[PDB]
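Comments concern the structure below.
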Amino acid sequence: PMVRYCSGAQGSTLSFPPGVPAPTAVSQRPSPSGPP
Amino acid sequence: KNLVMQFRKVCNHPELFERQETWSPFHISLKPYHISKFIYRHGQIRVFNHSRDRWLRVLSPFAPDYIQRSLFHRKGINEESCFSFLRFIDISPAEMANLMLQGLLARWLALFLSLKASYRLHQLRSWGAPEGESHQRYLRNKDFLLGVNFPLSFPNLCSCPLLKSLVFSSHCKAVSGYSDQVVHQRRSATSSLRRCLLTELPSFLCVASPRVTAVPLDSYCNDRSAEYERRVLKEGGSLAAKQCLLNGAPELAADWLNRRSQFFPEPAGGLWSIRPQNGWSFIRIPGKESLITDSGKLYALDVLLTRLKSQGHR
Amino acid sequence: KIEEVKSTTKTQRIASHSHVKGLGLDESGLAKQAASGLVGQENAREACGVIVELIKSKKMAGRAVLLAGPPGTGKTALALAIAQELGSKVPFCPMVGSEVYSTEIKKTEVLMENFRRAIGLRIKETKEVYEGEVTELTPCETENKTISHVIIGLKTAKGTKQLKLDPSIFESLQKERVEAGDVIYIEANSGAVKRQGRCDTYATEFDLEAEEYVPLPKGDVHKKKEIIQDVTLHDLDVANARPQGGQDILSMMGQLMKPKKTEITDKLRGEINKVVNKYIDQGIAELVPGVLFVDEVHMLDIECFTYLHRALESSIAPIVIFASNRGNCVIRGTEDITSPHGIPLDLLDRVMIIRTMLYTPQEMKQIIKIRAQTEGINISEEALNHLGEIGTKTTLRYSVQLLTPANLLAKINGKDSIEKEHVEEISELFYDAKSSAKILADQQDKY
Amino acid sequence: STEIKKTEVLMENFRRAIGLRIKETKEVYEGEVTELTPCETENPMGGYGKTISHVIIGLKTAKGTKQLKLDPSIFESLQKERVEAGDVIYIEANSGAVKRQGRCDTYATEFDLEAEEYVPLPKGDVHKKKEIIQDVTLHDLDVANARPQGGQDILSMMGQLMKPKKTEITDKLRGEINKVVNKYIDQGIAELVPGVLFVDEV
Amino acid sequence: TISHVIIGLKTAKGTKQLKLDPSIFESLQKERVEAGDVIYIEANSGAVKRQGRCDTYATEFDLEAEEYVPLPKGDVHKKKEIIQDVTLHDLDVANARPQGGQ
Amino acid sequence: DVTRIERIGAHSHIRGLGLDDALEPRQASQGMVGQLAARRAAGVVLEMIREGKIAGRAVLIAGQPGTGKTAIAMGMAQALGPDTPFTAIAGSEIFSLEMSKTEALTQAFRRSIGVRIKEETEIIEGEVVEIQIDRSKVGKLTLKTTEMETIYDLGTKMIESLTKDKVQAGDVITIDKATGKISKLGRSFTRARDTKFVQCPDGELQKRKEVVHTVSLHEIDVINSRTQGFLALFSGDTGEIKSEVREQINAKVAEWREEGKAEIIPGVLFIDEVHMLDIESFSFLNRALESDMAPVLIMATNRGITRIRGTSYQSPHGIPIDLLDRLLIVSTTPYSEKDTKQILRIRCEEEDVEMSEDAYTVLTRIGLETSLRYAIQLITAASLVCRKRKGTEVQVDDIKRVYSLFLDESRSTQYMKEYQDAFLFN
Amino acid sequence: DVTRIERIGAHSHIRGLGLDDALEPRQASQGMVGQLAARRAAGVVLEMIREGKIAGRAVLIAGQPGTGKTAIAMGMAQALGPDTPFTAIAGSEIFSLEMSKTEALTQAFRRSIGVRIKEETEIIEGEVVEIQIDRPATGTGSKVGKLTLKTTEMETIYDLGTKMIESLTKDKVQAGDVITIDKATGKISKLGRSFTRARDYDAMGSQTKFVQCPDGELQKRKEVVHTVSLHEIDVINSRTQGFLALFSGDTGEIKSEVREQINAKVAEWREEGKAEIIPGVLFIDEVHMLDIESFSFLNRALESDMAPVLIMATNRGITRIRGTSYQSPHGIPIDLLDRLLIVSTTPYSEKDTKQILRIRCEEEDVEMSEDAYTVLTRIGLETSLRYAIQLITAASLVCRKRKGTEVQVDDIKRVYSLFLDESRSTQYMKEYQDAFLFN
Ligand SMILES: Nc1ncnc2c1ncn2[C@@H]1O[C@H](COP(=O)(O)OP(=O)(O)O)[C@@H](O)[C@H]1O
Ligand SMILES: Nc1ncnc2c1ncn2[C@@H]1O[C@H](COP(=O)(O)OP(=O)(O)O)[C@@H](O)[C@H]1O
Ligand SMILES: Nc1ncnc2c1ncn2[C@@H]1O[C@H](COP(=O)(O)OP(=O)(O)O)[C@@H](O)[C@H]1O
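Residue numbers (the entry's author numbering), protein chains in the order written: chain H, 271 to 306; chain G, 779 to 780, 808 to 1119; chain B, 2 to 145, 152 to 454; chain C, 103 to 304; chain A, 153 to 254; chain D, 15 to 149, 156 to 214, 222 to 453; chain E, 15 to 453.
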């Protein structure tokens, strides 16, 4: 039932147990109109 | 000296004869101050004069209407307007009105929002440098807030880790000043000296206590509505005002509940930002070192046991 | 066979009065020539002998005495002898006349703080308390929800109990960050939590933690005790005027803001008198009306002397001892009114004057001896006779004050004891108020 | 003064007439955030549903765009700040804390009204550096240590809502500051520039 | 779920319905008013006073922690022309320091 | 025996301004002696205070030091008794470091005029015989007097009080029904079994009773000045109360008087040692004595023609002619021998000490030679010397001892002249 | 090259009293020269301070202006060293608006008694190899985790406590930081990154000076000595979380009962051997500024076992005691002047005035010709010592302006014509008697 954050030697690592969302969803910019 | 085992007990350790009890202040509660139903109903000027008090609030230049009528509907091109500074501080005319007419709660929340805004202003203020604010002319909103420009203002200080270390007296720590520190290794018995570094005070300097502590003197009244007003005050007057003191802002209370679950939460801001070195209560549980310091024999036994431990003897 | 012997702690420091141990009177109330550290002053000591019976009688309020006499005649020494003669159980409140000039509160009220501080009170306070390891903690919500009840499990070496408490105690436990396995204390009078530490049963649970691990409490979870509190009426006045007891956000923060004094209103002092009279009727209290000592009284301002007319006439007031080292001064704040001892004649009626008078050379030899053996030094008889000579030439205090410099020179040039050549050298290294006033009047063009 | 004793106003002017001149690097990452992309590793560690070695953040400015690779602990700070793509944000390279400035000015026309001030799109690169030489008198150090400004505690907020009263700074604070600036002058961090106190009408 | 509040008031001289704005109702809510309380509303100023429970409900329980008061014998609705005297110094002092509002 | 807070002070032996109902002073009564002029004058003043119909009125009690001008004002306070506000302040007591000297008088007047009201209150008072609570909540409670028994179905806001205050069967409780505060008085003597114990209340359980309550006009000033003003009444935290707040509270209390809804109770400000108010403070009294809510002002002073404070001007009593014109001056008189002896007798009744008639004779001679207050102090000291001697009674030689030990001023000053250059600054 | 905060001031040449071990003054030593009578006495009171057995002693250093009264007090301030508290107060500094005169003296007294505490604590000092921290999926709020810690010689894993996980996370420790955990207090402290893990690294989450990995055993002990005055012990105790009042000066008029309780518990920490009380010195420089109210406070404050050994300079003849009309010696009331020992300094000769200017040039880094020393000695007796002292700097600067290597008599005859002696300025104030204001 535990999420784990490792501050690791060759790199850091955040870990989520199965069925926890990993609320780390992606976010990507949607496009505007051509002219205002 | 003012039959024999009493002496032997005291000479071995005085807690065989009288234990040191937990001392605490003498706790006192005077009868609550009695306000009659009459003075509560008819005698309060905040109540019996409320109709007149509305006119003090209406005939006020801090009304958003009057601020707009002065700030944007002048006759002259040049004309002498108050509230002109509200265009150069980041203040709405309704924020000026609310800050003047809602009292210390609106002060505190507007201050907490200004602490947030100071870092946002500092970035733009210290990295933006082209032309001017528009076509090389006009001011911009926030440009009377110059208190960020100082090298030592909290945003610039927080941004600059050398200057941060010259402003060492954080308000929630026991910093004594700088000293040397000597470090000893368990191998070799070698020791070496660290030059000027910060120190807390030793955690045991805090030992004073009022001989007496009183319940805050409270007013009783013979009236169902007066009871509600004092009950609500004794519960802590509102969830906003209570969280504002207790957790630092109601936003920090809403965060505190779920910072419970985060890996890298930021500090609480209210009374829970502090941890005083004995807790808030003035009650002295007697320390475990009192067993040593009350018997010359138990002290002598401890220098023996530490000597024998260093030598390795059973 | 072999022995070990150690004691590394330094002594108490020797102070300008720490040879004074009592008034040195016999059981008939007559003065011994020298006893309990004092020498001479027989009438002034026998008069103080009447005053220490006045204090122990408790009957009076606001009676007052003025120790009056030249500098170095022992006035503060007799008032300290009274403080020793009464013992620690009765409050003696030392004060200096120029302490009334506060910048936080009026002069005419600093006197009332001291007057209320010199009236001691012994209270048989029953405290009832909970302590143990917190084995369980559960707050309960109820309908308008809000927190309204608290369930706590506590454990000791004498088993365990589950207790049900007011939500202000849960808010106190939350403030103290109390969690399961902590050891705590709660007096139910104040509702005051103390987190004692984390229970020593858990001391192995981590390789590295910040906690003070503490052994599990002894006796019952819930228990009552009597504390024999020593307290003064000022401690009741001031604790009610800026309250720090109870556990609400207000008391919790009157504990942080700068502890400014305030002009306590007589309504509060009245309600304190009513309350403590009821603790005395209930047998919960004993009153111990003590002494206020105003050293240097001659510079209370005339505002203060005229307040003392009312203060010394209160049915509540402590017994008051004044000292003055002055002649017919101009009284402070009058511009140009002169009166004896620097005190208005209107106040000077209200006090029993204890005249204290200059020592003979023989009384100076005897004080200097008693002083030298208190400063822990050995002195040769021709050297002490030479200090007695300096006493006639100058003053008692200068003569006493050559002792420790002389002992410093004695140990520095390797002697065990003061020789006359050390005192005779120190007398040339350090001038005195009389001999300095020669060179400073002779060379007056240059300062 | 009416706030503070006569002799202390002299001591403040005796401490205004001595300047540090201390040099430090400012380094910052800033730009319009174009993506948050948590990068999973191809295998999780045993017993976990997924694991992230880093968060990619895309940033842009009027000079260009680039990705940054950041420690996974950043993601909580990116929802403490209400960050969403097309915000402009900054990150102190000496501290790793991220701050939000506002929606980028590109989006100011996406509504007829919105309740946030739009921030002009930054210029110069996504990663910025300068060395800057900052001057503080020892009186500035005395004041900043005597009345802290980092107000996230009850004493500081109370002390900042109350009147900003001048106070008789102790000989001890002057001592501790003299003990620390000697460290930084000896370490060659800080120059000292002693100067002049001029009193007219003495 | 919010617009404005209809309230009904009754006395031994008759009955009315008023149309209170939500900023008045915020004070009825803060006064802990419920149906069957006796109320005084000052319609110029939003001074709302609870005056205890109407004594027709003085048997809702046999003993309850409310004062019960008789149904008012007066008119439900009183108009007076009144005159307020207020100095310029009252306007200065009531504006120059942030008001209590507390 | 046990000691009060209020022990034997200087004036404590006076238990009233002793008078006949003709306002005539008999030679010695209610603890006080002589002053057959000034006690009659204080009698007329006591009736003016007690009648209250005239406002803004003052009397100056003046005479040699130690001639009862403070004493007859203490006797006047005792004769006036509780429940009619009397405030004694010293003249130096107004010089605040937070509050104006003028405002401290404005405040010291207002402590001494009361507003009195009477409120009809519904109070329950009985032994709780039995009490049950279910699981909202409903519960049922039974109450008893020595004369009747009752059962009540409780409402929620009582349940949340009886449970909160841990009430149990056999307690005696008084409840203000309008509020539900439980004044528990103790437990009934039959349920003291297995720590205050008390008889159950009498009469019926629910009494309407009149409570009569007296609030000083200043105590209405203060309640109006802060978020919780009354704390600053005790703590002294409030000063410079805004003058328009008093202006409104006067207009309000005046309409309560004119509706007959409250009765104002005039009283006394006793400004003891008034000789050292400033000319600024006297200039305030000059006008503050000329308003319908002003109390009776009694002032005490022991000064001749003297420089009035804050000035170079000299005037009688150290008070400006301006203020002496407002007021009636009562001269006390220096005591005769028989009066001096009789004062010393009543002091010995208060000290509880016996002494011989020749001891009273030499003590009277001392009292005439050294202005009375000194002779009173020798009573205490001489009785302590006899207690050291294990003597029952103060004999003349025990006064001759104490008279040698403790100097009066006149001998002290003489023994100071023969050391004139050893003391400092003269 | 570089210049520290302390620089060449009025007494920087003084480094002790210059006594021998027999407590006799040398003619010139540790920068003090001449003045044997007062330096001898100063040695005795200095040795009495270092003995510390006795309390409430007082000394007054009298004499003409510019005769070493402050110099001898600096000499014993230096010879007393840094470890034993010496407080300089100019007599005017007691006139506070925070507090009364008697409070300001009580603080100046109690700032001059030290309590010396050894703090000994275990520090875990290591490079952090890795951290892991575990969060429950929503949970009650309890955490768990492990440190891995390293030296050049050791490695170990620590199963972490929750009351210290909050501190590791608060202070943002990361793998490759070097840290010094105080295991007694639970407080973290950070020393910088170790050199390696900045290579295997993200876009910069930190930028600061590196440090080498710590050596030896991973768990080690530290000793700190705090010299904490009684005054800061009162202020720490005056209210909860009072620590900023140590710097800010905010607390006026501390409750007498706080002092009364600290006088008890500091005596207990001596009897318990927990902390060592050390006597010290209060130097009330220019004490002729005290109002008679302040002197009369000393009379009874100076008679308590918690009083420091106070020292007072003065330069005043028979004068009215400040705040009165009473003439007295030194401008001090005889009530106080009876309670102390007076050391009188004495005017200088050529034989020591030349020697003072000679040590002064040696401290100011100056060379002068013996003709220049002769003329400057003559100026330093025709006019006060402090004027001649000041001409050394100006003469060295005038010489340096003309690219000279050494000061010459015409540099001093130049500077003497250029910066006036008071007595020569007061002479020119006569010929312009119309033009200067308010003669
Ligand atoms: N009767 C005495 N017996 C013993 N020591 C005395 C006596 N009288 C004075 N002393 C000592 O001599 C010094 C002067 O007395 P003190 O009380 O300080 O005089 P003062 O009246 O001027 O204040 C103190 O050290 C004091 O303890
Ligand atoms: N008429 C009196 N009856 C009894 N005692 C009196 C009387 N007049 C004066 N005294 C005595 O006066 C003493 C206090 O001084 P007082 O006469 O009141 O001073 P003053 O007249 O200057 O105000 C008290 O101890 C009191 O016993
Ligand atoms: N004995 C001395 N040895 C060295 N320098 C001295 C000596 N006496 C005086 N001086 C110097 O003379 C200058 C003035 O003396 P100072 O003690 O400061 O003046 P004052 O006597 O008025 O207190 C200082 O630079 C001081 O170092």
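The beta carbon of each residue, even a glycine, is placed where N, CA and C say it ideally should be.
Cβ of residue i within 8 Å of any chain E Cβ
i: H:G278; result: yes
i: G:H989; result: yes
Within chain D, partners of residue i - CB distance below 8 Å
i: E:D305; result: Within 8 Å Cβ-Cβ: nothing; E:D305 doesn't reach chain D, min ~15 Å.
Coarse secondary structure for residue i, derived from DSSP in three states
i: E:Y387; result: helix
i: D:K444; result: helix
i: D:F297; result: strand
Interface partners of residue i on chain D, CB under 9 Å
i: A:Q254; result: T254
i: G:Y983; result: None at all; the shortest Cβ gap to chain D is about 39 Å.
Below-8 Å beta-carbon distance, residue i vs any chain H residue
i: C:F116; result: no
Contact set between residue i and chain G, taken where Cβ atoms lie within less than 7 Å
i: A:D242; result: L861
Rounded Cβ spacing between residue i and residue j (contact assumed at less than 8 Å)
i: G:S1008; j: D:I131; result: Their Cβ separation, rounded to whole angstroms, is 56 Å, which puts G:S1008 and D:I131 out of contact at 8 Å.
i: C:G198; j: E:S220; result: 6 Å
i: B:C311; j: D:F452; result: No, B:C311 and D:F452 are not in contact; Cβ-Cβ is about 19 Å, not under 8 Å.
i: D:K236; j: D:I137; result: 6 Å
Where residue i meets chain A, residues with beta-carbon distance less than 7 Å
i: D:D148; result: Here the premise fails: no neighbours, minimum Cβ distance about 14 Å.
CB contact check: residue i to chain G, cutoff 8 Å
i: B:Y192; result: yes
Chain C within 8 Å of residue i, Cβ atoms only
i: E:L111; result: yes
- Would you say the region 279-287 of chain B touches the region 15-28 of chain D, given that touching needs at least three Cβ pairs under 8 Å? yes
- Query: Three or more beta-carbon pairs under 8 Å between the region 46-60 of chain B and the region 14-22 of chain B, yes or no?
  - Reply: no
- Query: Do the region 371-390 of chain B and the region 427-441 of chain B meet, that is, are 3 or more Cβ pairs less than 8 Å apart?
  - Reply: yes
- Message: For the pair the region 920-934 of chain G and the region 205-217 of chain C, tell me if three or more CB-CB distances fall below 8 Å.
- Response: no
- Tell me, please, whether the region 97-112 of chain B touches the region 91-111 of chain D by the rule of three or more beta-carbon pairs shorter than 8 Å. yes
- Item | At least three beta-carbon pairs within less than 8 Å, the region 277-291 of chain E to the region 80-90 of chain E | no
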